[PDB]
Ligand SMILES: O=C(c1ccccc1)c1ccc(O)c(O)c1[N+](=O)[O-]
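One chain is shown next in structure tokens, namely the form solved without the named molecule.
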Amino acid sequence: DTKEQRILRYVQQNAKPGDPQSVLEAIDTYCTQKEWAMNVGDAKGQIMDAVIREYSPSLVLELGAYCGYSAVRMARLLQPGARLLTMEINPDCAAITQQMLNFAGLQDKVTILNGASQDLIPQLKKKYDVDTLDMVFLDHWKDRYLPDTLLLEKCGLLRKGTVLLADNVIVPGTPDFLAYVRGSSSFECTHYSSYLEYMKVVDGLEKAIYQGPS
């Protein structure tokens, strides 16, 4: 009935059960042939894959799951024992994501947190027994990138070397966030170009490594 339900049904019929790569490809194929810009582009996948491989994070926080594409992508590269937590404000999307993870066989690696990031982040330490995050992937509402970065520092969830990787920092754009992490001695930033096909525009991802309180 909905976009998200069709995508799921498409994966379940066409992708190989247990194989995350086939799941990611069933989705890429579907958005190619069926949908307009749901952020179609291979540079983004390349960048995400390399950041995970480069820093091998033991605990990853993802903000905004949608149908579970980025969750499947990231979690498939996680070492045994490592974990992904993904926050999703929308219960229907959270339900799809769970299904998408069960099919990919990644459900034991990932935990879906139902709610708004601004409410859940202050509960990570005491309710979800989190000490510090190794990596944060910001991909939810653009006006929450900066607030949720500040909230993560404030709740003591970042440590020296925690990787922040932020998608869509150019289109539609999160310029306050960028000016902040670039301007702060507490982050060292790198920018990665990210071409999006249907809008034929160069978007970008920002990698910001926490340097400790400053």
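Residue positions are given as counts along the sequence shown, with the first one as 1.
The discussion below concerns the form deposited with the named molecule bound, not included here.
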item: Per-stretch contact check against the named molecule in the bound PDB entry, the hit in 157 to 165, 141 to 149, 50 to 58, 185 to 193 (non-hydrogen atom, 4.5 angstroms); value: 141 to 149
item: 4.5 Å heavy atom contact, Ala43 and the named molecule in the bound PDB entry; value: no
item: Contact test in the bound PDB entry: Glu197 vs the named molecule, heavy atoms, 4.5 Å; value: yes
